[PDB]
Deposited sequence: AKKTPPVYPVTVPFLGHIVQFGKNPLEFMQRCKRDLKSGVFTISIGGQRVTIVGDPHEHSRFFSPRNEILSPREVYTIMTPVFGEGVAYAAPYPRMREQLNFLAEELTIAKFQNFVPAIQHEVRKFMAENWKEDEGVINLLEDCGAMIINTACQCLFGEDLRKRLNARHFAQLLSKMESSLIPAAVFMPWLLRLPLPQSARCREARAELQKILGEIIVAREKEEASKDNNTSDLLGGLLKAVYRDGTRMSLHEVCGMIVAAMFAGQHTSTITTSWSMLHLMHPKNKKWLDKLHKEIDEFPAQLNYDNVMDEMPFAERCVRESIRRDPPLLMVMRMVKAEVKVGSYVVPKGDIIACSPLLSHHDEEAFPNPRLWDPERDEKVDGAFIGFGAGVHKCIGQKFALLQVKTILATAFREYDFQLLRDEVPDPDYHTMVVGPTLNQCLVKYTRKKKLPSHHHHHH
């Protein structure tokens, strides 16, 4: 009949911004241990933030519709990235239509080309950059490059990959991004209008035009039929809203930007932790096992190699998303009271559910710091690496496709060694949390027989 515990505020303007910004894992865990309650409230600049940290309760969070627990507020910190009236910014009917359109373009029906195209770009990058028999590279850095490469390769039509290349596009992603403020999500009054924030404007507007140009190009080759180009951009342009309308350039640009920005960091980070773990000595058996699964593949890989025939490798990826969820927190705007366990949660609060917290609940994941791909969430619905319910991640299959593919190519044609005693500390100081960049230096030993 009343709110969840609160956590003592010793410095009233801050709330818990500092110990939360410092080590959110430790902290949230502390709240959950001390408050004797897996569900509890914290404050951020005096904004109530109720963390649903008991896995049995996940349903409570992910189930209510947008109108009760609203995404839109919590994501406004993106409207410059996506645009006005794009995604959440858009009314929920439309946002759903837009996300749907995207989702179609990312079903497995589209993936038929991808595994080969991905393998290609990876071998490319590796030969152009892992030229020597040995050498030391930054695994987080490179991967980031492989990912943006392999993604465009997959979702980007020849002509568009011409006028825009992966490397250049990434600079639009950085550019667009750098102008973001995490804090904004709790305190958007910050949002009110801030110097490079133009950039994200510039970064976007530049991109948009590029596409607006790209389109005119492909329309004037239809009489010929010169190319039957069905890349992500293609699909998006063919889509029709119910009301019989289509996506304006701005919405199309939005939805692709979203798509790629989405994949970029989450995917490179997951790739990074997975390789890291495997390449550790303690995980030899896990490496040994991986091999017994990719050794009897043809060099050229197809689909049936990847999804259907790499269950273990997929275990590694997921387990790695389990241990170090790139996205720490899923959040909504409580627009009306909601039951969560034996607590209620007041209209106006911020409700969150934390992959980071939940993946370290001891009931659900004994020894949560231990990376064990063979482990299984004791507690059904515990793992939320990809969210759940309505807004669960559509990019899910595609990302698994990339990482696994890359994992395969990489460890097949190379060996590896961590230049550190232990796998990198997470770096919780990025909006999308990865392994610590200046700790990701690795030594790649080419292979031969």
(request) Could you sort out which parts of the deposited sequence are absent from the coordinates (no C-alpha) and give them as ranges from 1? (result) 1, 195, 452 to 460
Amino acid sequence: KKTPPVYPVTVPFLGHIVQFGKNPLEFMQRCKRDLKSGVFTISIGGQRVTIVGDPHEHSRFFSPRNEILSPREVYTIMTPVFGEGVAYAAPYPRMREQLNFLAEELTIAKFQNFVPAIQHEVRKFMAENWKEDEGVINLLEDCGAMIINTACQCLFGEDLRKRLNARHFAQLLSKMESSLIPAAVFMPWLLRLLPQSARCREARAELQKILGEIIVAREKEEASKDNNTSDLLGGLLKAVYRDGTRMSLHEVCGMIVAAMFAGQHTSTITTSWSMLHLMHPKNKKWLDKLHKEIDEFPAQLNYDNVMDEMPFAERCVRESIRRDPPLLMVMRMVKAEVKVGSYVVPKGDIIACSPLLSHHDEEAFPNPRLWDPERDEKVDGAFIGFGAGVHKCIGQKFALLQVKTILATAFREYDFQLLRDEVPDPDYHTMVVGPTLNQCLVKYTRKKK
From here on, numbers count along this sequence of modelled residues.
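Definition used throughout: the rigid core is the maximal C-alpha set that superposes within 1.5 Å between two forms.
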(request) Kindly name the stretch, out of 197 to 205 and 80 to 88, whose CA atoms are displaced more from this form in 8 other deposited structures of this protein after the core superposition? (result) 197 to 205
(request) Could you tell me which of the two stretches, 172 to 180 or 140 to 148, has its Cα atoms lying farther from the shown structure in 8 other deposited structures of this protein after fitting on the rigid core? (result) 172 to 180
(message) When the other structures of this protein are compared, and only where the residues around it are present, is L99 absent from a third or more of them?
(response) no
(request) Look at the other compared PDB entries that model both sides of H291, then say whether a third or more of them leave it out. (result) no
(message) Using only C-alpha atoms and the B-factors in the entry, which stretch averages higher, 81 to 89 or 183 to 191?
(response) 183 to 191
(request) Taking the mean of the C-alpha B-factors per stretch from the entry, tell me the winner out of 408 to 416 and 61 to 69. (result) 408 to 416
(request) Compare the CA B factors listed in the entry for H360, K175, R315, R123 and report the winner. (result) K175
(request) Could you say which of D142, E105, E128, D324 has its CA atom at the highest B factor, as listed in the PDB entry? (result) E128
(request) Check where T10 lands among this chain's C-alpha B-factors and tell me if it's the lowest, middle or highest third. (result) highest
(message) By the recorded C-alpha temperature factor, relative to the other modelled residues in its chain, which third is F101 in?
(response) middle
(request) Please place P366 in the lowest, middle or highest third of its chain by C-alpha B factor as given in the entry. (result) middle
(request) Could you tell me which third, lowest, middle or highest, the C-alpha B-factor of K339 occupies within its chain? (result) lowest
(message) Where does the C-alpha B-factor of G263 rank in its chain, lowest, middle or highest third?
(response) lowest
